[PDB]
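Presented as structure tokens, the chain that follows is alone, the form solved without its partner chain.
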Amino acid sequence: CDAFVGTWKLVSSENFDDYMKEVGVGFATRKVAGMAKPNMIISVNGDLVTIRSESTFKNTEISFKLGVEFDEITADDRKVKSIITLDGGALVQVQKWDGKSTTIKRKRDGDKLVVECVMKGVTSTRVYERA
């Protein structure tokens, strides 16, 4: 996933509070999240890919092998099972917990990285540019 490696900074967000509401994130955490302008750092070492998100409030980091299910504790503190595959040049992540699931797709668009988050028909789009 060489096209993804680097440090990226958030440029725009669309419908992310609606997505967080659908996931069940509480009011105060949604308000902190809408104030954060995270940096995303992606790196690869052998067959482990790492995605780190850094903000004043909370940093998250996951390291995984593409295709192997793993445990992840999300920024809003859900304990989920995640699997990320490389499909059509995009990193496609599915998180499952309590009989629910959500899909987070990270893809390149021009010189940007676009994150699309989908939960039961609500879709949010976040655009990042290279820092």
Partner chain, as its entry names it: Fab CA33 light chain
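Rigid core: the largest C-alpha set superposing within 1.5 Å between the two forms. Residue numbers count along the first chain shown, from 1.
Taken in 8 other deposited structures of this protein and fitted on the core, 25-33 and 64-72 differ in how far their Cα atoms move from the shown form, and the one that moves more is 25-33. The mean C-alpha temperature factor is higher for 21-29 when 105-113 and 21-29 are set side by side. Annotation for 76-84 versus 32-40: the higher mean temperature factor (C-alpha) is found in 32-40. Residue-level temperature factors show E69 in the lowest third of its chain, judged at the C-alpha atom. In the deposited entry, the Cα temperature factor of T56 sits in the top third of values across the chain's modelled residues.
Although it is not shown, the form deposited with its partner chain bound is what the next lines describe.
In the entry with it bound, its partner chain sits beyond 4.5 Å of every heavy atom of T103.
At least one heavy atom of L10 is located within 4.5 Å of its partner chain in the entry with it bound.
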